[PDB]
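Each chain, letter by letter, is given below.
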Amino acid sequence: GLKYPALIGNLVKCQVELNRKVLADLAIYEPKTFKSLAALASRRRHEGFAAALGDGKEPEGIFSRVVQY
Amino acid sequence: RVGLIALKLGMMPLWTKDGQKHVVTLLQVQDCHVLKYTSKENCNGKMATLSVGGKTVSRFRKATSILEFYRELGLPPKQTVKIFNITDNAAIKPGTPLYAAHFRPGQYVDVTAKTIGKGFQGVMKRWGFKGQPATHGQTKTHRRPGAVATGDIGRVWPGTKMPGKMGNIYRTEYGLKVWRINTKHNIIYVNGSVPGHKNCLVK
Amino acid sequence: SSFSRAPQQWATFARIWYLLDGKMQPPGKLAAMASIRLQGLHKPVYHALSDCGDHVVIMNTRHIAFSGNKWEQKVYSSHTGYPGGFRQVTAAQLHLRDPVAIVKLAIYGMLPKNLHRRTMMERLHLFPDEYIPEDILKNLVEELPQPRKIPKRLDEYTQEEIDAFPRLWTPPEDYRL
Amino acid sequence: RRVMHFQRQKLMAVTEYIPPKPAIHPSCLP
Amino acid sequence: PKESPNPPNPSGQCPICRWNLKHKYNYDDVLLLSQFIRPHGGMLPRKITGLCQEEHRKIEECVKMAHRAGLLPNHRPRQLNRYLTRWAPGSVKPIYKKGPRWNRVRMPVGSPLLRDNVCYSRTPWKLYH
Amino acid sequence: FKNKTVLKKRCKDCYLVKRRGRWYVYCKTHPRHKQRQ
Amino acid sequence: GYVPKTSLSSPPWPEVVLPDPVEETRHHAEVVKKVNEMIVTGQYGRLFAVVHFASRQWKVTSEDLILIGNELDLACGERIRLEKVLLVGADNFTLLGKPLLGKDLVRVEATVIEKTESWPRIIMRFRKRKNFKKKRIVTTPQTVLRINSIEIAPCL
Amino acid sequence: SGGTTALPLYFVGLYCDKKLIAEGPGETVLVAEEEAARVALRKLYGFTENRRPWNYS
RNA sequence: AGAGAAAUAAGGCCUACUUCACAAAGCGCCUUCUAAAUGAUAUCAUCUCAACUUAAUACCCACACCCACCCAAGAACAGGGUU
RNA sequence: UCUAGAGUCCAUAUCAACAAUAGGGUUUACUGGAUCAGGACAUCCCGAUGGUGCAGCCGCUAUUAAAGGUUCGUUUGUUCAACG
Ligand SMILES: [Mg+2]
Ligand SMILES: [Mg+2]
Ligand SMILES: [Zn+2]
Ligand SMILES: [Zn+2]
């Protein structure tokens, strides 16, 4: 229940640099790991929608916090 | 209601009280037996069907399956079997015979048969093409088709009229009236001409 | 999952029969879903040369609904090959003539234009009305959701949801309504 | 009324006048 | 019956605005439409229902498109499923010549009087297929 | 019906109408000036 | 404000409101502890990791082979450790870096089993009518890394 | 899936007092049951596909 | 709304005439299937890009042979008959 | 397309002047016929309808219609034209 724009455009917003070869391999050969990744993507998508819906800079989402180098 | 499988004998005239002439064709009903029945939804919706056979034939010159069919049916093999589309209430048990009296004069009747085979024919004997004139120099073109197709299209359309085999295909004449019936020899006297040659089975 | 070799291979590439209703659904949306499923583009294990296509069973194909005036405008065209045999027939006419053909032509258009197309179309089963053969009912697995939500008319609004909605305006009383 | 080079077309499209939305719709308020 | 006693913003000339709807209702919103029409499918006069011109006409086209999809069965004057039909079904000529790509003739869908409903997808919704 | 590109009524008992998807100008008395778009 | 129910007042998606972070942090800590106690007791089987290497992301597991198209200046059979693990997973749990996992949490070992030169590849350019035809043969070198162990430690 | 066709898929799952202990694929139900037995045997004997790989170090 | 008669086109036949003569033919014969009613937007009215109601069958159709002879079937191969 | 000019009264029953908006060419000076024809409709006939100043068949214009048909001759050959 999650399109492809969402998955990639919101895994990177969680700072996971998994590429597409390994994403396909996970989808075929490790279904539950891919299930988790899809859950993570949907979580981040919801966090983004909730944040943008709000007024101002209310505390960021629990997964939307960037980690700096 | 079911129809007959007759054999075309020949032709004769026959006049009328109003003073005109009317050629007719003689159709002899030979051994016409209803051979098979197929149910309304056995044909999947169209109608009920009867299989009628005609013109008893030898039994040493048929395939094993046809001999088995006729043996279980208790008849000697026919030559042509034809399928008539009838309503349910017109059913007739297989094994019953049909007789020229099946028809009566005063009605009209349709006849279908295999036309006479002219063989391979050129275009004017086959489609009535005005061939090219004679002398005045028309060398090596007298009975030839002209231009088969136009020039911009680089093909000849399907369904273009061209040399090839003629006749020997089934065809139907409609509206033929029945004047006389000979119930002792089983002849039907159908108006006009009927396709086929003599001694060939018509439906 | 510790399946032996051959059973695993059979489990992964097996074919699945998907029902898909069509009542008041547009031909194009059913066509999109059917195209995806027939091609195999819903399997993470997809490939063009692996023949992963599945089966689709669209019923109530007689009851589809075309957006707009398409019934009177969408013209399907065919040509026998013989001169003068160019026939153009509207959607209403071709629907009466063959109640399955509109959806079949939609799915035929969307599918890819290669040799495999016919094979995929041998796995599309279209039945005009609710009736489906037993040998096909006993094969279905899932039931894909309809892509258009059938809007519901006043005949099936209960008084609860009718009086819940406000009364947006006031009539005069002298008026005869 | 000749055709324009494509880039001139894009320039004409991007620079097209956009009017200021009225604060309220006149129909439902003076 | 009269106005429900809870108007979201009183002091409004168009009853389509008194409840904050002006760009917010579609054809299938049968509940909203089924109180602007007579018991025989026809629209009430504007001078009574009180809508503005730009909302009266939108309701008119919405009720037409509602009838043509069979969403008001009990409002008659006593084979083919369609929705979002702008033209009356019996006054449209077939598209025998759908021109080339750059002069295509495309089939109208929906009405353009609802051009300004609240969109919810990035690609704006097409009025012509 | 006289085909015209702009439908102008002539007397006071004719009426514009939309029929079959086109604009006509019918008249009961003096039917001499029907029109079609 | 209030607007009577219609087909467009609300959008066609559900109002998904996220759990209050105060309780969510406790829940996350609880599940993290559960996974940790799975790791400590050996409650896992074979493991797989998404290792980043020469430039590629290989999905690997114990005893498998990998072929890198670049020589790695290592003698034949010299064990090495592959840093840059992006994701390591077992049957019931899997750990995702942001974007890498710490040096302590995951340890991936590999060995160099073969160094060779790939099969000859052709590079031919041709242009019509200009007498432009040239042919080159290239053999890029490569090396085969066996992966010997993916071990994990209970540092969460 | 595909009960009547020539390419069926039956997933047969053994149970032990309302609790699953295996699940097998096949084309016939007999073969699916046999494979369910094989997977259950593997799970009980600790020889699954995803067992702790032998430790060579 | 019917009834006769002719031609042409397609399809077919050889009882008579005709060219001819175990037959093929035509000059001969036969068959051919935008005006209303109710009515709203605009309460009268209004035919309605308003809802709503009115103005082709036929033909083919037998899983399993083929040496020989005959044939109205045929270029060869096929097809019909050999009781 | 403006009717503006006419038409025994009156623009719309007809021409409808200029212009405007449309689709289409203009090369000389200082390629038919037979044979078979495929196609469009901007329709000659047949078919359906409106108005008429046809009070009526036919006429006139206008809409619709391309399933079917669209002759034989004398003189002559930039290929037409005339004539029965
Ligand atoms: Mg000669
Ligand atoms: Mg002769
Ligand atoms: Zn308003
Ligand atoms: Zn008038």
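Residues numbered from 1 in each chain as written, not as in the entry; some residues may be left out. Chains lettered and ligands numbered in written order. Part of a larger assembly, values for the part shown. Heavy atoms only, no water.

Chemist: Please set out the overall build of chain A residue by residue, giving values where relevant.
Modeler: Looking only at helices and strands, chain A features three helices and zero strands. Along its sequence from the N terminus, chain A presents helices and strands in the succession α-α-α. The principal-axis extent of the C-alpha atoms belonging to chain A is close to 40 × 30 × 20 Å. Carbon and sulfur atoms provide 62% of the accessible area of chain A, an area that totals close to 4,600 Å². Here chain A carries 11 positive and 7 negative side-chain charges, and the mean point of each set is 5 Å from the other. (Helix = DSSP H or I, 4+ residues; strand = E, 2+ residues; numbered from the N terminus. Areas by Shrake-Rupley, 256 points an atom, 1.4 Å probe, with all protein chains shown as cover. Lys, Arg positive; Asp, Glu negative; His and termini not counted. Charge placed at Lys NZ, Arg CZ, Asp CG, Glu CD.)

Chemist: Please set out the interface of chain E and chain C residue by residue, giving values where relevant.
Modeler: Think of interface size as the accessible area that goes away when the parts come together; that is how it is often given. Each partner contributes residues to the interface: chain E has 45 residues there, and chain C has 38 residues. In total, about 3,900 Å² of surface goes out of reach between chain E and chain C, with carbon and sulfur atoms giving 64% of it. By the criterion of area lost to chain C, the three top residues of chain E are E:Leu31, E:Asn81 and E:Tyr83, representing 19% of everything that side buries. Where chain E meets chain C, there are one salt bridge. Between C:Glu72 and E:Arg82 there is a salt bridge, with its nearest N and O atoms 3.0 Å apart. Elements represented by at least two residues in the side of chain E that touches chain C include exactly α1 (30-33), α2 (46-49) and β1 (81-83) of chain E. A class-by-class count of the residues in the side of chain E that touches chain C yields 29 nonpolar, nine polar and seven charged. Bridge analysis of strand β3 (residues 65-67) of chain C against β1(E) gives three bridges, and the strand direction is parallel. Across the sheet, residue C:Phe66 finds its bridge partner in β1(E), namely E:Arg82. (Contact = heavy atoms within 4.5 Å. Buried area = accessible area lost by both parts, 1.4 Å probe. Salt bridge = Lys/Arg side-chain N within 4 Å of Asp/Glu carboxyl O. Nonpolar A, V, L, I, M, F, W, Y, C, P; charged D, E, K, R; others polar. Pairing = 2+ DSSP bridges.)

Chemist: So, the sheet that holds strand β5 (residues 85-89) of chain G: which residues are in play, and what are the values?
Modeler: Think of a sheet as strands paired side by side through backbone hydrogen bonds, with each pair either parallel or antiparallel. All names here are of chain G. As summarised here, the arrangement of the four strands in space is β2-β1-β5-β6, forming an open sheet in which the pairing is antiparallel. The open sheet terminates on both sides in strands that have one partner only, identified here as β2 (57-61) and β6 (94-96). Averaged over neighbouring strand pairs, the angle between their axes works out to 20° when direction is ignored. Bridging between β5 and β6 involves three bridges; their strand directions are antiparallel. (Axes fitted to C-alpha atoms, helices over the stretch in contact; angles between N-to-C directions.)

Chemist: Let's hear about the interface of chain G and chain H: which residues, and what values?
Modeler: Each side of the interface is counted separately: chain G has eight residues, and chain H has seven residues. At the boundary of chain G with chain H, total buried surface from both sides reaches about 650 Å², with 41% on carbon and sulfur atoms. Joining chain G to chain H, the criterion identifies zero salt bridges. Where chain G meets chain H, there are five residue pairs in polar contact. Residue classes in the side of chain G that touches chain H are distributed as one nonpolar, three polar and four charged. (Polar contact = N/O pair within 3.5 Å; in protein donor to acceptor, adjacent residues only side chain to side chain.)

Chemist: Can you lay out the pattern of salt bridges for me, pointing to particular residues and giving the numbers?
Modeler: Where side chains of opposite charge bring their charged atoms close, a pairing between them can arise. Taken as a whole and judged by the stated rule, the model has 21 salt bridges over all chains. A salt bridge links C:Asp51 to C:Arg123; the shortest N-O distance between them is 3.5 Å. Here the residue C:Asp51 occupies a position in the loop between α2 (27-39) and β2 (55-58), and C:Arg123 occupies one in the loop between α6 (116-121) and β6 (124-126), the gap between them amounting to 72 residues. Via salt bridges that share partners, E:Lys22, E:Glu54, E:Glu55, E:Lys58 and E:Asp116 belong to a single interconnected network.

Chemist: Quick rundown of empty space enclosed by the protein? Include the residues and the values.
Modeler: Put simply, the largest cavity is a space of about 40 Å³. Taken together, G:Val51, G:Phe53, G:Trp58, G:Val60, G:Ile66, G:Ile68, G:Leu82, G:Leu145 and G:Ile147 make up the full set of residues lining the largest cavity. (1 Å grid on protein atoms, 1.4 Å probe; cavity = no way out; pocket = protein on both sides within 12 Å on 5 of 7 lines; lining within 4 Å. Points joined across faces, edges and corners; volume = space filled by probe spheres on them.)

Chemist: How would you sum up the protein's contact with RNA strand J? Please name residues and give values.
Modeler: The environment of RNA strand J is formed by 23 residues, the closest being B:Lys130, B:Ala147, F:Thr5, F:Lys8 and F:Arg32. Here B:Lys130 contributes a backbone N or O atom positioned 3.0 Å from a sugar or linking oxygen of RNA strand J. Note that a sugar or linking oxygen of RNA strand J is positioned 3.2 Å from one of the backbone N or O atoms of F:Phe1. Residue classes in the surface near RNA strand J are distributed as eight nonpolar, six polar and nine charged. (Near = heavy atom within 4 Å.)

Chemist: Got a sec to walk through the protein's contact with RNA strand I? Specific residues and values, please.
Modeler: For RNA strand I, the set of nearby residues contains 75 residues, the closest of which are B:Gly117, B:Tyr174, B:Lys203, E:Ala88 and F:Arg20. Of all atoms in RNA strand I that approach within 4 Å of the protein, 67% are sugar or phosphate atoms. Here a base nitrogen of RNA strand I sits 2.9 Å away from a polar atom, N or O, in the side chain of B:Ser193. A distance of 2.6 Å is found between a phosphate oxygen of RNA strand I and a side-chain nitrogen or oxygen belonging to B:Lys203. The biggest single contributor to the surface near RNA strand I is strand β9 (residues 170-182) of chain B, with six residues. When its residues are assigned to classes, the surface near RNA strand I shows 30 nonpolar, 21 polar and 24 charged.

Chemist: An account of unusual backbone geometry is needed here, citing residue identities and associated values.
Modeler: The omega torsion of the bond from G:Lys98 to G:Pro99 falls at 0°, within 30 degrees of zero and hence cis. Even without a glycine there, the phi angle at B:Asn186 is positive, about 60°. Inspection of the secondary structure assignment puts B:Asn186 in the loop between β9 and β10 (187-191). For B:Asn186, a relative accessible area of 17% puts it in the buried group. (Buried < 20%, exposed > 50% of the residue type's maximum accessible area, 1.4 Å probe, protein only.)

Chemist: An account of the environment of F:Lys28 is requested, with residue identities and associated values reported.
Modeler: Inspection of the secondary structure assignment puts F:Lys28 in the loop between β3 (22-27) and β4 (35-36). C-alpha separation for the pair F:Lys28 and F:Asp13, spaced 15 residues apart in sequence, amounts to 7.1 Å.

Chemist: If you had to explain a positive patch on the surface to someone new, which residues and values would you point to?
Modeler: All names here are of chain F. A surface patch of like charges, here positive, comprises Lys2, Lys4, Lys8, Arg10 and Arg32. Turning to its location among the elements, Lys8 is positioned in the loop between β1 (2-3) and β2 (14-19). A residue is classified by how much of its surface remains accessible, and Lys8, at 56% relative accessible area, is exposed. (Patch = residues over 30% accessible without salt bridge, like charges linked within 9 Å, V, L, I, M, F, W, Y side chains within 5 Å.)

Chemist: With reference to specific residues and values, describe the side chain of E:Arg86.
Modeler: Among the secondary structure elements, E:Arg86 is positioned in the segment after β1. Of the buried charged residues, E:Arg86 lacks a salt bridge, with E:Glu61 as the closest side chain of opposite charge at 6.2 Å. In this structure the side chain of E:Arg86 is engaged in a polar contact, spanning 3.0 Å, whose partner is the backbone oxygen of E:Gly110. Among all residues touching E:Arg86, those that are not within four sequence positions of it are C:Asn69, E:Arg68, E:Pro108, E:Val109, E:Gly110, E:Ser111, E:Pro112, E:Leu127 and E:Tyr128.

Chemist: Can you break down the arrangement of the chains residue by residue, with the values?
Modeler: In this assembly, 10 pairs of chains are in contact, and the pair contributing the most contacts is chains C and E. In this view chain F stays clear of chain G, with the nearest C-alpha atoms of the two still 31 Å from each other. Separating chain A from chain H is a minimum C-alpha gap of 12 Å, and the two share no contact.

Chemist: Residue-level account of the pairing of strand β2 (residues 24-29) of chain B, with values.
Modeler: All names here are of chain B. In terms of residue burial, β2 counts as a mostly covered element, since five of its six residues are buried. Direction of pairing for strand β1 (residues 6-12) relative to β2: antiparallel, over a ladder of six bridges. Within β2, the position partnered with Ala6 by the bridge is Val29. As defined by bridge partners, β2 adjoins β10 across five bridges and the pair is classed as antiparallel. In the strand pairing of β10, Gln28 is matched with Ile187.

Chemist: How would you sum up the packing of aromatic side chains? Please name residues and give values.
Modeler: Throughout the structure, instances matching the rule amount to nine aromatic pairs over all chains. Between C:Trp169 and E:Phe36, the aromatic rings sit 6.4 Å apart at their centres with planes inclined by 25°, giving stacked as the arrangement. In this pair, C:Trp169 sits in the segment after α8 (159-164) while E:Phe36 sits in the loop between α1 and α2, so the two residues belong to two different chains. Look at C:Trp169 and you get buried, because its relative accessible area is 6%. (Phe/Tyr/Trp six-rings, centres within 6.5 Å; stacked < 30°, edge-to-face > 60°.)

Chemist: Hey, could you go over the sheet that holds strand β5 (residues 80-86) of chain B for me, with residue numbers and the actual values?
Modeler: All names here are of chain B. Pairing is antiparallel across the open sheet formed by three strands, whose spatial order is β3-β4-β5. Both edges of this open sheet fall to β3 (33-38) and β5, since each of them pairs with a single strand only. For this sheet the average axis-to-axis angle between neighbouring strands, irrespective of direction, equals 25°. As paired elements, β3 and strand β4 (residues 48-54) share five bridges and run antiparallel to each other.

Chemist: Would you mind going over the packing of α2(C) against helix α5 (residues 101-110) of chain C in detail, with residue names and values included?
Modeler: Residues and elements named next belong to chain C. Viewed as axis vectors pointing N to C, α2 and α5 meet at an angle of 50°, and their least axial separation amounts to 8 Å. Here α2 lies oblique to α5, going by the angle between them. Read as a crossing pair, α2 and α5 show a hand that is right-handed. Taking contact as the criterion, the partners of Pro27, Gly28, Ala31, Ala32, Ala34, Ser35 and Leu38 in α2 are, on α5, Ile102, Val103, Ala106, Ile107 and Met110. A class-by-class count of the residues in the contact of α2 with α5 yields 10 nonpolar, two polar and no charged. (Parallel < 35°, antiparallel > 145°, perpendicular 65-115°, else oblique. Left-handed = near helix turned anticlockwise from the far one by under 90°.)

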